[PDB]
Amino acid sequence: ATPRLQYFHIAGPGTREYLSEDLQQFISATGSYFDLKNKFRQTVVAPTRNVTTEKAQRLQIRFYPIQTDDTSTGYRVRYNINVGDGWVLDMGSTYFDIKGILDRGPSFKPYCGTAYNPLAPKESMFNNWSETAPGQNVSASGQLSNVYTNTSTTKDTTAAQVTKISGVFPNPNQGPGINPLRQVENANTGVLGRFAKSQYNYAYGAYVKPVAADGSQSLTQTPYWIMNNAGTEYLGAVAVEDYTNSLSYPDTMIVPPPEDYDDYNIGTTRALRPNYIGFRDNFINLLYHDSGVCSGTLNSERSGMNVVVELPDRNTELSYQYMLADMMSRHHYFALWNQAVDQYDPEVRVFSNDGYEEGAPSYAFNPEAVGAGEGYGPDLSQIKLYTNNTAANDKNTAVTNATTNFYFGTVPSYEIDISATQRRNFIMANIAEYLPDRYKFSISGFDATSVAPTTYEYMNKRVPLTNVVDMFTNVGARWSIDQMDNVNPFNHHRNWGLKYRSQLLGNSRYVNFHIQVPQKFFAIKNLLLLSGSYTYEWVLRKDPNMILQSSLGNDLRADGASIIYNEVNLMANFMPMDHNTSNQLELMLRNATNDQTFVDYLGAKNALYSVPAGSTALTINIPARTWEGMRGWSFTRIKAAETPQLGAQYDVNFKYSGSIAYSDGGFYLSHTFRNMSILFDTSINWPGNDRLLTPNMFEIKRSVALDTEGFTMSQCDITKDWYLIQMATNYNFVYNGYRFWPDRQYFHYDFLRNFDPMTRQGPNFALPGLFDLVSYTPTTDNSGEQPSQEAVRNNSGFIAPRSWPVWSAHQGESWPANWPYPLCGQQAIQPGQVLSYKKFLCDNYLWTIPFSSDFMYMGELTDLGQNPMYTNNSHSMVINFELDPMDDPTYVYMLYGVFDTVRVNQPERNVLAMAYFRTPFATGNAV
Amino acid sequence: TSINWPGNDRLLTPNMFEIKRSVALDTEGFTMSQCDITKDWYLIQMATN
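Here it is, written out as structure tokens:
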């Protein structure tokens with residue numbers, strides 16, 4: 011351009027063509043050790059024509075609904091996407107601008123613990139006052155902190171404070187105000203206090219809403235004078251306020267003792283379980299995908315024929331999950347699409363018990379350094395000091411007056427091992443509370459069958475058994491709690507993805523949410539719409555269980571959750587390219603030979619096969635079929651209670667609000683898969699070439715205890731054959747050697763990223779010794795007492811009794827522990843009294859078996875998928891599964907390998923036509 | 692004194708680069724990514740970067 015600009019290489023020719031050829035050869039040859047390319051400048055220049063219109067064209071267009079039909083299960087919206095000539099719409103830029111009111115219900119705690127007197131001890135009381143009538147039979151217990159240096163024997167100095175009582179003056183926040191507590195004379199100190207007469211005396215979690223603008227939780231205060239046994243000696247005064255009906259305990263629940271201790275013991279109070287009710291990852295289950303009854307609609311006006319056809323056997327939202335996880339790492343939190351992957355804390359799931367950081371003995375000392383707590387030794391209180399005589403080596407002269415404290419011993423202190431305190435609190439709060447309901451018991455005020463197990467206060471008022479999980483539970487083994495490894499780990503308050511998603515809405519259950527939801531259906535997920543007038547209808551879910559995710563998985567419909575949609579607009583971004591260039595573009599995309607073609611990323615027909623609780627085996631029969639281009643198999647097992655009805659507008663049997671492992675990638679039951687077999691004909695096994703070490707089945711895992719010949723890989727119970735197949739599928743190289751593949755560690759759904767082999771040893775019970783003191787079965791009684799837990803005697807006088815609830819106050823006496831049998835050390839049990847428990851966990855993996863001759867990837871259209879023996883011949887393959895028996899009805903999420911592809915034909919203006927074809931499992935009915 | 696640089700009805704508010712707006716005062720949307728940043732500003736930043 012400008013010679014002035016070409017001089018400075020701002021618009022010049024370019025480094026390749028202004029540098030002398032010999033210099034270019036030099037800087038290319040000597041470019042690995044002495045760089046010179048950074049010293050010469052070349053500028054990339056914009057096309058400056060035929061890239062943007064001068065015409066006034068909106069850069070971002072909002073489409074507000076034509077026609078709504080607000081209903082009580084969904085929220086339909088219909089738009090008229092008018093794309094003029096010279097315009098071009100990429101539907102990847104089309105998203106729903108949704109705002110409304112969200113109610114997350116009473117079952118929503120965005121925070122562990124409480125906000126009301128958190129530092130208060132759990133069993134403390136807020137300076138009680140129990141009376142039948144004012145001035146009648148009265149019981150009161152509390153601290154009297156305020157002082158007013160009274161001159162006793164008269165009311166002159168006490169009545170002055172009494173007249174001030176009728177306000178905020180007692181001021182429970184303020185105390186004595188003196189740091190050295192030894193300087194007070196007990197006869198000229200004055201005493202004041204402020205007590206509350208109410209039911210449910212507990213300091214922890216106590217809340218009384220204010221009535222005046224300056225504290226003042228009550229309006230009427232009745233003062234009471236403090237005198238000794240005689241009435242003449244005036245000592246102090248007390249403020250008493252009625253909180254009988256003005257007091258409440260939000261976010262806290264009373265943990266009463268067993269019924270035998272209901273009286274004479276108020277137990278402790280505990281904060282409710284923390285529950286996060288934010289939206290789901292990537293706004294999953296917020297648009298009605300794959301539901302024929304409430305399917306979306308996209309079509310032109312001239313031909314009002316829908317082009318989006320949805321199938322109940324496809325999974326659009328899991329497809330988007332897999333697509334996004336392959337496109338980027340899942341640890342990136344993109345707050346726009348609510349892109350926060352559901353992740354469990356590994357320190358909670360794969361429990362690596364290690365005790366605690368044992369350091370020097372740690373003590374909490376007196377606030378001052380002088381005290382007589384447990385006043386052993388000489389009293390040292392009425393002593394007298396005489397000065398020393400060096401010559402006589404004895405006392406010589408008395409000290410006239412010596413006000414001395416002079417206590418005995420070191421600083422009074424109480425020893426706490428906070429390193430183990432954190433460990434126990436962590437275990438009980440994270441791993442113990444999230445135990446299955448079969449390892450819990452009521453609290454002597456709660457009763458089962460009076461409320462659904464899927465409710466909030468059911469989970470809150472059921473204390474887990476305290477010996478199934480504790481600090482001695484596999485004290486040195488990195489071992490997930492086998493009583494809980496079948497529990498969805500993503501239903502946890504440590505779900506950082508869910509925590510972030512629930513924190514994006516706010517800190518209350520009354521949310522005026524404003525969200526943007528993308529279109530995930532693969533045919534129009536990123537379709538480029540040409541010119542024409544199209545109508546684009548969709549319906550938004552209003553099911554509280556589906557749209558919202560809980561960290562507890564409780565039934566939100568029974569928990570008052572609801573949502574209201576006010577404005578649902580359709581945003582779009584239009585590139586302002588030149589009408590000449592956009593007209594050329596649309597002319598060349600209206601040509602038949604080159605037209606948009608999209609395949610769903612999952613590429614799987616999704617079939618759910620029910621497996622009841624007791625069943626350990628599953629037989630899958632598929633009738634005669636053409637298996638053309640079928641990619642392979644993929645499968646996990648999903649709990650039935652955690653999976654909605656496929657293609658149902660509203661599921662009433664779905665009383666779960668955690669992580670639907672079907673909808674998202676939150677798979678956690680890839681284990682509990684004993685083996686598998688595939689038989690294309692009635693008896694012809696698929697590998698069927700002596701490939702595997704077990705030729706006629708896919709032995710996924712075998713117990714090492716019964717293992718004798720080997721056939722187990724990677725220091726767990728997985729087999730050689732299965733490990734080989736999985737590594738060959740995921741990484742394509744097993745015949746040149748097994749190795750780690752860090753190129754796929756971002757995927758969040760591959761094998762090595764989340765395959766965790768485990769090994770614990772454990773005592774060998776069913777021996778003359780080794781009595782197995784841990785009882786895993788509760789007594790399923792109303793009383794909050796579990797006497798079967800009283801056999802462990804560990805931390806006897808320093809924790810709550812095992813029969814008592816976990817979070818009750820401590821009582822007992824110090825005693826040698828008896829339960830944890832030493833598996834290490836010099837006094838360990840004999841080698842014949844230990845066992846082996848090789849096990850593996852594999853979350854979010856979705857076992858894959860590729861329909862390839864050698865289990866390795868040679869193209870999306872597999873080796874055997876195009877073989878003219880499955881494609882042309884009809885085969886009726888039979889799958890036989892063997893599973894670990896679970897304790898609830900579970901599906902087996904089976905995924906085949908399909909080419910569910912669509913190519914979009916847009917020959918003229920407002921003519922939109924789509925052809926859907928799925929190679930193994932087509933849906934053409936020839937009508 | 693009369694030439695808006697976008698000046699072609701580009702932004703949802705053609706006459707200014709509305710960086711953020713009060714969601715309480717909001718009526719028609721124009722707030723993006725679950726905060727008070729605007730659709731136009733979000734588009735501009737994402738396109739630039």
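If you read the sequences in order, they're chains E and D. Numbering follows PDB author numbering, in which position 504 of the first sequence is assigned residue number 514; successive positions increment by one, without gaps. Numbering follows PDB author numbering, in which position 12 of the second sequence is assigned residue number 703; successive positions increment by one, without gaps. Even for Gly, the Cβ is constructed at its ideal location relative to N, Cα and C.
Compute the distance between the beta-carbons of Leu539 of chain E and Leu33 of chain E, then report whether it is under 7 Å. Residue numbering aside, residue 539 of chain E sits at position 529 when the first sequence is read from its first letter. Residue numbering aside, residue 33 of chain E sits at position 23 when the first sequence is read from its first letter. Cβ atoms of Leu539 of chain E and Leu33 of chain E: not closer than 7 Å.
Going along chain E, which residues have a C-beta under 7 Å from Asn699 of chain D? Here residue 699 of chain D corresponds to residue number 8 of the second sequence, with the count starting at 1. In chain order: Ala66, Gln67.
What are the residues in the stretch 711-730 of chain D lying within 9 Å of chain E by C-beta distance? Look at the stretch 711-730 of chain D: the residues with a C-beta under 9 Å from a C-beta of chain E are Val714, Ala715, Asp717, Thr718, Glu719, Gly720, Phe721, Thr722, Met723, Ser724, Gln725, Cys726, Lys730.
Three or more beta-carbon pairs under 8 Å between the stretch 698-713 of chain D and the stretch 68-75 of chain E, yes or no? Touching, per the Cβ criterion.
7 Å Cβ shell around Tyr105 of chain E - same chain, five flanking residues per side excluded: Position 95 of the first sequence, counted from the start, is the residue given in the question as residue 105 of chain E. Within the same chain, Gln526, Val527, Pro528, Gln529, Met581 come within 7 Å of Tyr105 of chain E by CB-CB distance, once the 5 residues on both sides are set aside.
Classify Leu257 of chain E as buried or exposed, calling it buried when 16 or more other Cβ atoms lie within 10 Å of its own Cβ. Numbered from its first residue, the first sequence carries residue 257 of chain E at position 247. The residue in question, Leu257 of chain E, is buried, as its Cβ has 16 or more Cβ neighbours within 10 Å.
Between the beta-carbon of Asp727 of chain D and the beta-carbon of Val714 of chain D, is there less than 7 Å? Position 36 of the second sequence, counting from 1, holds the residue named residue 727 of chain D. Position 23 of the second sequence, counting from 1, holds the residue named residue 714 of chain D. In contact: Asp727 of chain D and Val714 of chain D (Cβ atoms closer than 7 Å).
Is it a yes or a no for the stretch 781-799 of chain E touching the stretch 760-771 of chain E, going by three-plus beta-carbon pairs under 8 Å? Here the stretch 781-799 of chain E makes no contact with the stretch 760-771 of chain E; the two share fewer than three CB pairs at distances below 8 Å.
Under the three-state DSSP convention, the category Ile557 of chain E falls into: Within the first sequence, the letter at position 547 stands for residue 557 of chain E. Here DSSP, grouped into helix, strand and coil, assigns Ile557 of chain E to helix.
For chain D, find out if any of its Cβ atoms is closer than 7 Å to the Cβ of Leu922 of chain E; answer yes or no. Taking the first residue of the first sequence as position 1, residue 922 of chain E is located at position 912. False, the Cβ-Cβ gap to chain D never drops below 7 Å.
Cα-Cα separation between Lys394 of chain E and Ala412 of chain E, rounded to whole angstroms: Numbered from its first residue, the first sequence carries residue 394 of chain E at position 384. Numbered from its first residue, the first sequence carries residue 412 of chain E at position 402. Their Cα atoms are separated by approximately 7 Å.
Below 8 Å between beta carbons is the criterion; list the residues of the stretch 98-132 of chain E that meet it against any residue of chain D, in chain order. Cβ contacts with chain D: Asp107, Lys109.
Is there at least one Cβ from chain D nearer than 7 Å to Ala345 of chain E's Cβ? By one-based count along the first sequence, residue 345 of chain E stands at place 335. Using a CB distance cut-off of 7 Å, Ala345 of chain E counts as an interface residue toward chain D.
How close, in whole Å, do the beta carbons of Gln331 of chain E and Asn292 of chain E come, if the pair is a contact with beta carbons under 8 Å? The residue given as residue 331 of chain E occupies position 321 in the first sequence. The residue given as residue 292 of chain E occupies position 282 in the first sequence. The pair is a contact, with the Cβ atoms about 7 Å apart (cut-off 8 Å).
Test: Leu514 of chain E CB closer than 7 Å to a CB of chain D: As a first step, residue 514 of chain E is located in the first sequence; it is residue number 504 there, counting from the start. Contact with chain D is found for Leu514 of chain E, since one of that chain's Cβ atoms lies less than 7 Å from the residue's Cβ.
Close beta carbons around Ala627 of chain E, own chain, < 8 Å, minus the five adjacent residues each side: To locate residue 627 of chain E, count along the first sequence from 1; it is residue 617. Excluding residues within five positions, the ones whose Cβ falls inside 8 Å are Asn890, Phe891, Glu892, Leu893.
Taking the beta carbon of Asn517 of chain E as the centre, do at least 16 other beta carbons fall within 10 Å, making it buried, or is it exposed? Numbered from 1 along the first sequence, position 507 holds the residue referred to as residue 517 of chain E. That one is exposed.
Can you tell me whether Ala776 of chain E is buried or exposed? The criterion is at least 16 other CB atoms within 10 Å of its CB, across all chains shown. Along the first sequence, read from residue 1 onward, the residue named residue 776 of chain E stands at position 766. Classification for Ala776 of chain E: exposed.
Closest Cβ-Cβ distance between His524 of chain E and chain D: below 7 Å? The sequence position of residue 524 of chain E within the first sequence is 514, counting from 1. Interface criterion met: the Cβ of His524 of chain E is under 7 Å from a Cβ in chain D.
Nearest by alpha-carbon distance to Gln353 of chain E: which of E:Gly676, E:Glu823, E:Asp897 is it? Against the first sequence, residue 353 of chain E aligns to sequence position 343. Measuring from the Cα of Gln353 of chain E, the nearest candidate turns out to be E:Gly676.
Can you find a C-beta in chain D that's less than 7 Å from the C-beta of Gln70 of chain E? Along the first sequence, one-based indexing puts residue 70 of chain E at 60. Yes, its Cβ sits closer than 7 Å to a Cβ of chain D.
How about the stretch 539-549 of chain E and the stretch 292-304 of chain E: do they share at least three Cβ pairs that are nearer than 8 Å? Three or more pairs of CB atoms, one per stretch, sit closer than 8 Å, so the stretch 539-549 of chain E contacts the stretch 292-304 of chain E.
Report yes if the C-beta distance between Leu308 of chain E and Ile76 of chain E is below 7 Å; otherwise report no. Translated into positions along the first sequence, residue 308 of chain E becomes position 298. Translated into positions along the first sequence, residue 76 of chain E becomes position 66. Contact: no.
Are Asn285 of chain E and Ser560 of chain E touching if we call contact CB-CB under 7 Å? For this step, residue 285 of chain E is matched to residue 275 along the first sequence. For this step, residue 560 of chain E is matched to residue 550 along the first sequence. Yes, Cβ-Cβ distance for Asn285 of chain E and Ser560 of chain E is below 7 Å.
Between which residues of its own chain and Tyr906 of chain E is the CB-CB distance below 8 Å, once the five residues before and five after are set aside? Position 896 of the first sequence, counting from 1, holds the residue named residue 906 of chain E. So the qualifying residues of the chain are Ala614, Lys615, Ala617, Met640, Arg641, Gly642, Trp643, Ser644, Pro930, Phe931.
At a CB distance below 8 Å, what residues from the stretch 575-590 of chain E approach chain D? Give them in sequence order. Cβ contacts with chain D come from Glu577, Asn579, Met581, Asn583, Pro586.
Using the DSSP secondary-structure output, state which residues sit across from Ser693 of chain E in a beta bridge. Residue 693 of chain E sits at position 683 when you count from the first residue of the first sequence. In the DSSP output, where bridge partners are listed per residue, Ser693 of chain E has none listed.
Environment of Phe416 of chain E [buried if 16+ CB atoms lie within 10 Å]: Locating residue 416 of chain E in the first sequence gives position 406, counting from the first residue. Counting Cβ neighbours within 10 Å, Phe416 of chain E comes out exposed, since fewer than 16 surround it.
Let me confirm a value: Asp224 of chain E is counted as buried when at least 16 other C-beta atoms fall within 10 Å, else exposed. Which label applies? On the first sequence, position 214 is the one that residue 224 of chain E refers to. Counting every other CB atom within 10 Å of its CB across the protein chains shown gives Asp224 of chain E a total below 16, marking it as exposed.
Keeping to the same chain, check which residues put their C-beta closer than 6 Å to that of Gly563 of chain E; ignore five residues upstream and five downstream. The residue you call residue 563 of chain E lines up with position 553 of the first sequence. Taken in chain order, the residues that qualify are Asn501, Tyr666, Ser667, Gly668.
Quick one: what's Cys852 of chain E bridged to in DSSP? Taking the first residue of the first sequence as 1, we reach residue 852 of chain E at position 842. Answer by DSSP bridge pairing, in chain order: E:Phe765.
Helix, strand or coil at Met723 of chain D according to DSSP, with G and I counted as helix: Start at 1 with the first residue of the second sequence, and residue 723 of chain D comes out as number 32. Coil at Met723 of chain D, not helix or strand.
Between the alpha carbons of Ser543 of chain E and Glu918 of chain E, how many angstroms are there, rounded? Here residue 543 of chain E is taken as the residue at index 533 of the first sequence, counted from 1. Here residue 918 of chain E is taken as the residue at index 908 of the first sequence, counted from 1. Taking the straight line joining both Cα atoms gives about 12 Å.
Can the beta-carbon of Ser429 of chain E be found less than 7 Å from the beta-carbon of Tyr366 of chain E? Within the first sequence, numbered from 1, the residue matching residue 429 of chain E stands at position 419. Within the first sequence, numbered from 1, the residue matching residue 366 of chain E stands at position 356. Here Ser429 of chain E is near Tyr366 of chain E, since their CB atoms are less than 7 Å apart.
Between E:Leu445, E:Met481, E:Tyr466, which has its C-alpha nearest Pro474 of chain E's C-alpha? As a position in the first sequence, residue 474 of chain E is number 464, starting the count at 1. Shortest Cα-Cα distance from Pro474 of chain E to any of E:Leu445, E:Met481, E:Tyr466 involves E:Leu445.
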